[PDB]
There are 2 protein chains.
Amino acid sequence: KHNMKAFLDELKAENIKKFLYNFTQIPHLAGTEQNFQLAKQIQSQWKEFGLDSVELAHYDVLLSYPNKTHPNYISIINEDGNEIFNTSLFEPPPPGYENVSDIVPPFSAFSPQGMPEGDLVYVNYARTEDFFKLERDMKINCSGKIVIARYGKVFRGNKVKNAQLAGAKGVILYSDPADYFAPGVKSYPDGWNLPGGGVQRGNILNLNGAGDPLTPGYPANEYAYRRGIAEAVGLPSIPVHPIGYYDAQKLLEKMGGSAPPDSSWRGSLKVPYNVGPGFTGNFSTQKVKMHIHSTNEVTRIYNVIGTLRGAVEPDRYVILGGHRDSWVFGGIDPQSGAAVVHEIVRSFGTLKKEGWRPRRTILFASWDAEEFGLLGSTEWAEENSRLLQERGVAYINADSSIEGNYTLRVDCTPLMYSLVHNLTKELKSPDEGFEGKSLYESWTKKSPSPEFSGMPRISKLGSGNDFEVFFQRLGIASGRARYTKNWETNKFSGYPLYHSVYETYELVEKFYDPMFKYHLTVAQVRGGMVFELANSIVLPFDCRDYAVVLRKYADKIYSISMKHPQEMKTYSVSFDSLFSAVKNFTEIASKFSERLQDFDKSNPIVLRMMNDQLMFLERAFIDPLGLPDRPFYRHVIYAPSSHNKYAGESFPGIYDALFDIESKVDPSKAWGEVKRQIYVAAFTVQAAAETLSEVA
Amino acid sequence: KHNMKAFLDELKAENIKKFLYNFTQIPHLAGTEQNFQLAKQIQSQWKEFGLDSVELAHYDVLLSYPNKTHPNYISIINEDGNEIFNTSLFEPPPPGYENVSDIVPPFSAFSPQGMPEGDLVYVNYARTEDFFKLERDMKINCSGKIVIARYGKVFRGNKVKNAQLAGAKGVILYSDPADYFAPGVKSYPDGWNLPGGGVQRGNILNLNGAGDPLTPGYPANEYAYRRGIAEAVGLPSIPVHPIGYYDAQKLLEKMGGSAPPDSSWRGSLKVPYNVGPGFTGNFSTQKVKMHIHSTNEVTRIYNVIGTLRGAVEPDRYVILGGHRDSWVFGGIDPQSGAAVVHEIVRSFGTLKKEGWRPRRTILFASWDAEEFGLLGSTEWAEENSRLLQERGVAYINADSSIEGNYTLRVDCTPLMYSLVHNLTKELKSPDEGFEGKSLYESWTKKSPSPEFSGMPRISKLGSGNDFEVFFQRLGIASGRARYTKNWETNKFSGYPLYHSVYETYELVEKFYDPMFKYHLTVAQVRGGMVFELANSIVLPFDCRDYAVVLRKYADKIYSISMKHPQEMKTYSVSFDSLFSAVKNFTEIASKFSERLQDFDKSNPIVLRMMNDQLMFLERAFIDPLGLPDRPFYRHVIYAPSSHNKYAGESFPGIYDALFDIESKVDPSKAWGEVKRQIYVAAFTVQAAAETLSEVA
Ligand SMILES: *[C@@H]1O[C@H](CO)[C@@H](O[C@@H]2O[C@H](CO)[C@@H](O[C@@H]3O[C@H](CO)[C@@H](O)[C@H](O[C@H]4O[C@H](CO)[C@@H](O)[C@H](O)[C@@H]4O)[C@@H]3O)[C@H](O)[C@H]2NC(C)=O)[C@H](O)[C@H]1NC(C)=O
Ligand SMILES: *[C@@H]1O[C@H](CO)[C@@H](O[C@@H]2O[C@H](CO)[C@@H](O[C@@H]3O[C@H](CO)[C@@H](O)[C@H](O[C@H]4O[C@H](CO)[C@@H](O)[C@H](O)[C@@H]4O)[C@@H]3O)[C@H](O)[C@H]2NC(C)=O)[C@H](O)[C@H]1NC(C)=O
Ligand SMILES: *[C@@H]1O[C@H](CO)[C@@H](O[C@@H]2O[C@H](CO)[C@@H](O[C@@H]3O[C@H](CO)[C@@H](O)[C@H](O)[C@@H]3O)[C@H](O)[C@H]2NC(C)=O)[C@H](O)[C@H]1NC(C)=O
Ligand SMILES: *[C@@H]1O[C@H](CO)[C@@H](O[C@@H]2O[C@H](CO)[C@@H](O[C@@H]3O[C@H](CO)[C@@H](O)[C@H](O)[C@@H]3O)[C@H](O)[C@H]2NC(C)=O)[C@H](O)[C@H]1NC(C)=O
Ligand SMILES: *[C@@H]1O[C@H](CO)[C@@H](O[C@@H]2O[C@H](CO)[C@@H](O)[C@H](O)[C@H]2NC(C)=O)[C@H](O)[C@H]1NC(C)=O
Ligand SMILES: *[C@@H]1O[C@H](CO)[C@@H](O[C@@H]2O[C@H](CO)[C@@H](O)[C@H](O)[C@H]2NC(C)=O)[C@H](O)[C@H]1NC(C)=O
Ligand SMILES: *[C@@H]1O[C@H](CO)[C@@H](O[C@@H]2O[C@H](CO)[C@@H](O)[C@H](O)[C@H]2NC(C)=O)[C@H](O)[C@H]1NC(C)=O
Ligand SMILES: *[C@@H]1O[C@H](CO)[C@@H](O[C@@H]2O[C@H](CO)[C@@H](O)[C@H](O)[C@H]2NC(C)=O)[C@H](O)[C@H]1NC(C)=O
Ligand SMILES: *[C@@H]1O[C@H](CO)[C@@H](O)[C@H](O)[C@H]1NC(C)=O
Ligand SMILES: *[C@@H]1O[C@H](CO)[C@@H](O)[C@H](O)[C@H]1NC(C)=O
Ligand SMILES: *[C@@H]1O[C@H](CO)[C@@H](O)[C@H](O)[C@H]1NC(C)=O
Ligand SMILES: *[C@@H]1O[C@H](CO)[C@@H](O)[C@H](O)[C@H]1NC(C)=O
Ligand SMILES: *[C@@H]1O[C@H](CO)[C@@H](O)[C@H](O)[C@H]1NC(C)=O
Ligand SMILES: *[C@@H]1O[C@H](CO)[C@@H](O)[C@H](O)[C@H]1NC(C)=O
Ligand SMILES: [Ca+2]
Ligand SMILES: [Ca+2]
Ligand SMILES: [Cl-]
Ligand SMILES: [Cl-]
Ligand SMILES: [Zn+2]
Ligand SMILES: [Zn+2]
Ligand SMILES: [Zn+2]
Ligand SMILES: [Zn+2]
């Protein structure tokens, strides 16, 4: 039989290992020749593997690179202007790669050039609440100061935006061992910890879904009209640079001014974590000086797009996409994901060569320039937005397959909860101690849902990956899955070697997944989802699961508002319309589910009608006017948090209208806007419900 | 047989006459009790006629009414402040209606209140080019002046916007007999001309597609959050009032200052048409004073929505909509259209009672508050926008069925050109002299296409009617048809009794269509179109017709730009991308047409695929970001003219970037924006073409 079992059994751990090794021998930085070569390789292999067509889709987008003859670094400078201490110009390369060329040195992509000099303020994680505490409680003023912030907790672009609005003239980012060194584990190459010379690369944009900074709304094709740099979207106005903790120790050890306000501000280095401004008395006259000379440059990028044409509904697309560009070798990010996609393509192509075709069309993508702001996925989606919004069934992301070895992690739309529960009950757990048990069983045991019990945790989608344009802009049901760490017994952020030169094939083969069994499990979850989406006669979405979460999010946002009972009285702020809409959604979704069960299964137009109602249900939560000042975040239920792009926020329009509202100087105006956002959300919920009513 | 012939033969002239009489005995002003009664009547009749459901959809929207105890009027006032001449408080009612109550007196809906006093400037039609001529050539300054403008040529809301931007403090609108009195015809009741006491009502908003001024983007439902008046969309900032030509003669006869600049500025009254400012020497010290006391008020309106469920594709909607609210009796506008819709509903319901159902669902609408800014259609579409954009096949408008008795007028999307040609070849001409000939034949003879020869004129859609939200906001293929006058041998605007108390059942029965044969022909064209749209197995749209017009519009906009060859050189302004996209559209559309001819006709999914490509082709021309500063005009090929809402403009984004560009002070910026709009248009054309490519 050509069924999902045939597909799943064809997937091999050993193949994912071979592909990972093949993809991680040299750097594949976006916009470089090596990454164009790899694109051409993947294109040729996907053709050999059996796909119907495989094309490159290219764009010319704004990228950012250090100047190779004028390196970035930071100094402590004395009263005469002598640089008495300099940060590193490069990370010590790992064993056996000390002769690889074209390793890009640590930098913050899209930093402007400058050589600002000043006194340091230490701002903890540079979160919105960190600046509130500094400014409101401690009365420390960052205006004209250089801030130093530890990486972690939130996306770095939000740190830089927050420093910029506090009036900083520069930002230094560093990795504290409190957040990037797990107790009891050795530094790379001897374990998976970040060494003191290790540094995390990453862009510092605030694109809010725009894609290429110069062409928001339209693909950066050959005739594109581009904004000038001054009108570009999302670029920082102050220089920024990342360092490791050896270097950070040298900048922090001399800090004076106020003590840290409490222990949550102290990391693990042997320094006091004084906030400043500036250095203690003996050194009060030394300053910090940044030297940033990176340049932004329009550069060609290349996506690989493979098509496996559907036998029955070729005009319905199920998309498996993940990126290919890496900061250096990409051992985890992204090639552990790319290798899994490569093996999925291979397995599908095997079945195809024996005469099988999925019900619907499956599109496979190897995106470029994800590390520079989700540029490849976003420009392609801008180009193809009409096809995607009328034909797009689902998008499954495929970045890093592992960030730990403890249990499964899934973030997705409620419409996929049932599909994920059912698939994972049919897959074998790779976990020691759960031999012969289902993945569902091990996952639920290690990661219990906060709400349900007997059910696993499934998180809402945030952002910081290539599903953003598909989900929050276009409203196509989206999901992602990977193996992850135990967040309970671990205080550190993501995985320690993230976006460092130390993220290599060896890191993975030696320390994360030597048998490639977690990779294989993730290929089964991702591939199994694409299979069911592209092949099930009825799309495998359960609208009733959205009804349950909409009630949870309505309760949550009402609870937030109710911290202000006096104002809700004064301004007549009612959530009744939103609860009404959620109640109606629940009733209509229950009735639609009954018809879906009971409809005449021989009638394909009835079937195509009800599949279209299922496909367009995520689509119904899109507001074509977007969220306030964020036109490309159009989903009314989910947006990336305005304080942390990686986190999802529910009812974001109401959430941001309420945030910090007790500080607004015109409360009438502020609560007016809360009421406006309640009206928008209740309306959108009711409108989405009505797409599930009988059609006539 | 239940075929289109059965449908068409059931339509009766005598029934349209009975309904017209029934709908025009009392005023049906939006927001009034009489118009709610009529809604309830139509709802009950459409139920009796056989529709599956018929519901009222209500909204609470901003309307505008004079104050019944504080009337609007204009004065000439002397040096002491005595009002020596006053304009009329009402139009003399026609014979036999002198005792009808609740005739609303002439006013400009949405005028602010005020009693401004000042010197007159006469501004001809208050067109953009009229103000250019006054300000640039004649050096006349309107700041702080009251302007008087003749109705005609352009929508009155654009006149008021243009006066406001010239710094006027008030606007007086009047009907000149040059534009509203046809030579050789008598005034009502003895013919169809406008009497000197007749006055044209109408709103003076500049909504640009927003619908209710207080709730742009969302339906004005029970929990809607409303803007405050100061942030409302589209309201005028200066008082405005309309008058007839008896009164206008009294205001114009004393005018001094400059002579009219040429004969195109002179109407037919026995006055000099001096531009002013102010009156001649003897009267130089008299002034004009307006007294406006109308109020804007949120008021309930009611649409009637009837459904005839499709047998095969119930989730595909073909919509026949026209409004029901009138300024007074609505003898032509809108009830000559409403009576035609009523008879169409009756004919469809006859067939339904005998067991027939159309292939697709047909929705019938009786919209409210069209006269106040297309409010009813727009709020309903805002409410139902997700259903309409995923399910909407076509919208056929049904306002006035006649504005003359000479020949057919059709304005529609190119996608309907073939459908209209084919249907009209099968209908009988009602014209004298063409007995036994087709409607196509008489229409083509009397209204030859400028381009084609052997073909009839079909105009692009403009706006000022209820298709605007469906076509220019949502991108649903739209059309309209009516009988019209011979524009060649007639210099007057629209029809003379437009929006006057004299537009009665008698006007129609005595002077326009005593046999109701033009009404019947229009019911056949509108009803025949809805029939073919809702019943043809393949949707009756020809994409190749869009390809032909896109080339015509590209040639036209390039010709405009080429008036500036030096700047096109300096700023490297190329239309090559747009011509490329139009060429590709033509090639892809030709291939798609071949497949549509040759596809396996037994395969319904192939059929539903290709019908979806046809349905979503108009949809592809929507840009979700909208046109500059006009977010609800999202169609890139067609927008209402920025200088005249009634007229359509093609490639509007490029057109407005080029308009008056030689006057812009930063030419680099201006031509940059031209290039931006070329990129947007070429992109949108190519993207729409690609929706017709093979899907995978
Ligand atoms: C959830 O679904 C339910 C439908 O099951 C839906 O109920 C609707 O609620 C609205 C209220 O927002 C009702 O609107 C009323 O309609 C009647 C005419 O049918 C009007 O007369 C009402 O207005 C007048 O009377 C009201 C007193 O009830 C006054 O408060 C008001 O100021 C006016 O005087 C009012 O507009 C509507 O009838 C029902 N529809 C039904 C039951 O079918 C509810 O709206 C849905 N929730 C959301 C968020 O959409
Ligand atoms: C109309 O349809 C046609 C397809 O039949 C489509 O043609 C495409 O045109 C673009 C040009 O805008 C081509 O883009 C080129 O792609 C190649 C790689 O395939 C690149 O190397 C090219 O860039 C380099 O080389 C160019 C020299 O030709 C340089 O001018 C450039 O600066 C770079 O060095 C270039 O990007 C594309 O290949 C074709 N696609 C085809 C033939 O399939 C055309 O774009 C459509 N019109 C619109 C408005 O979309
Ligand atoms: C995940 O798996 C569950 C369990 O198999 C799926 O729910 C089950 O779906 C089936 C198939 O439609 C339901 O069968 C129906 O039962 C009713 C009897 O009341 C009958 O009228 C229908 O003809 C049909 O046989 C079954 O009841 C249902 N089980 C439960 C507990 O809901 C679920 O659909 C799967 N989810 C996805 C996305 O596939
Ligand atoms: C308006 O009417 C015209 C004339 O009837 C329609 O064009 C005609 O459409 C028919 C039916 O599809 C075409 O028939 C095809 O002919 C080819 C032979 O080359 C054959 O391969 C197909 O199987 C089919 O028989 C016919 O050629 C065509 N005539 C012309 C002049 O184009 C037109 O489709 C109607 N428009 C609308 C919107 O209905
Ligand atoms: C990664 O794998 C690819 C495919 O096997 C290798 O590329 C092939 O290299 C062979 C030997 O040089 C050539 O003859 C083939 O034409 C290449 N195939 C393709 C599709 O490019 C590549 O060398 C491997 N890379 C590494 C670093 O191991
Ligand atoms: C930090 O680096 C800077 C720049 O390379 C060093 O300062 C330079 O030293 C060279 C060689 O002595 C001089 O010719 C340059 O004029 C100096 N440039 C600047 C900008 O100061 C500095 O010596 C280094 N400091 C340490 C401790 O290594
Ligand atoms: C317009 O036609 C309608 C329908 O015939 C008339 O309304 C009917 O009036 C009769 C007699 O008064 C009532 O018994 C019916 O119940 C009414 N029907 C409906 C559906 O309302 C109406 O009177 C006519 N109006 C005019 C001005 O002629
Ligand atoms: C135009 O109308 C105005 C307002 O009704 C008239 O002026 C009023 O005349 C009455 C009766 O004599 C006075 O009591 C009011 O004080 C006047 N009001 C104002 C605002 O002036 C005026 O007489 C009318 N002019 C003509 C020619 O009919
Ligand atoms: C990089 O720096 C070098 C020398 O210090 C300079 O000549 C060149 O302008 C810079 N390159 C870029 C791309 O800015
Ligand atoms: C912070 O410092 C800047 C720079 O001198 C000053 O202008 C600004 O007002 C200060 N703000 C506060 C709250 O002290
Ligand atoms: C792999 O799992 C073991 C056993 O729980 C754990 O001690 C180790 O930290 C894991 N490795 C990584 C990289 O997480
Ligand atoms: C209308 O005018 C009368 C009297 O001149 C006044 O009492 C009332 O306020 C006005 N009505 C409205 C609705 O403004
Ligand atoms: C028009 O008149 C106003 C009002 O006094 C004046 O302020 C404005 O500058 C004038 N414009 C021109 C071009 O004369
Ligand atoms: C009706 O047609 C006749 C004959 O052409 C014409 O003289 C008359 O003006 C028409 N009536 C109207 C209202 O257009
Ligand atoms: Ca772009
Ligand atoms: Ca509205
Ligand atoms: Cl992922
Ligand atoms: Cl019309
Ligand atoms: Zn990644
Ligand atoms: Zn990354
Ligand atoms: Zn009308
Ligand atoms: Zn009208």
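Order of the sequence lines fixes the chain letters, A, B, ..., with proteins taken first and strands second; residue numbering starts at 1 for each chain. Hydrogens, waters and symmetry mates play no part in the numbers below; they use all other heavy atoms, side chains included. For ligands, and for the atoms within them, numbers begin at 1 and follow the listed sequence.
Annotation: side chain of A:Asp325 is not in contact with side chain of A:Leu29 (no heavy-atom distance under 4.5 Å).
In terms of N/O distances under 3.5 Å, ligand 3 is not approached by A:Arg544. Every N/O-N/O distance between A:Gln113 and ligand 9 stays at or above 3.5 Å.
When distances from atom 38 (C) of ligand 3 to the protein are checked, a heavy atom turns up under 4.0 Å. Counting protein heavy atoms under 4.0 angstrom from atom 14 (O) of ligand 3 gives one or more. Checking atom 25 (O) of ligand 3 against the protein gives no heavy-atom contact under 4.0 Å. Put simply, atom 28 (C) of ligand 3 has no protein non-hydrogen atoms near it, under 4.0 Å away. Distance remark: protein heavy atom not present below 4.0 angstrom from atom 8 (C) of ligand 3. For atom 7 (O) of ligand 9, no protein heavy-atom neighbour is found at a distance under 4.0 Å. Atom 2 (O) of ligand 3 lies below 4.0 Å from at least one non-hydrogen atom of the protein. For atom 34 (O) of ligand 3, the protein comes within 4.0 Å by no heavy atom at all. The protein does not reach atom 31 (C) of ligand 3 closely, with no heavy atom under 4.0 angstrom from it.
A cation-pi geometry, defined here as NZ or CZ lying under 6.0 Å from the six-membered ring centre and within 45° of its normal, does not hold between A:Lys460 and A:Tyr638.
In terms of protein heavy-atom proximity, atom 1 (C) of ligand 9 is closest to A:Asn67 ND2, 1.5 Å. With hydrogens left out, the protein atom closest to atom 13 (C) of ligand 9 is A:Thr295 CG2, 4.1 Å, a heavy atom. Looking only at heavy atoms of the protein, atom 6 (C) of ligand 3 is closest to A:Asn422 ND2, 4.1 Å. Closest to atom 17 (C) of ligand 3 among all protein heavy atoms lies A:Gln597 NE2, 4.3 Å. For atom 21 (O) of ligand 3, the closest non-hydrogen atom on the protein side is A:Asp598 OD1, 4.1 Å.
Screening A:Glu532, A:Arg360, A:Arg316 against A:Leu539 for a side chain to side chain contact (heavy atoms under 4.5 Å, CB included) leaves a single residue, A:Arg360.
A:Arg391 contributes atom CZ, which lies 12.0 Å from atom CD1 of A:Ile476 (distance to the nearest 0.5 angstrom).
Counting heavy atoms under 4.0 Å from ligand 12, residue B:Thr69 touches it through both backbone and side chain.
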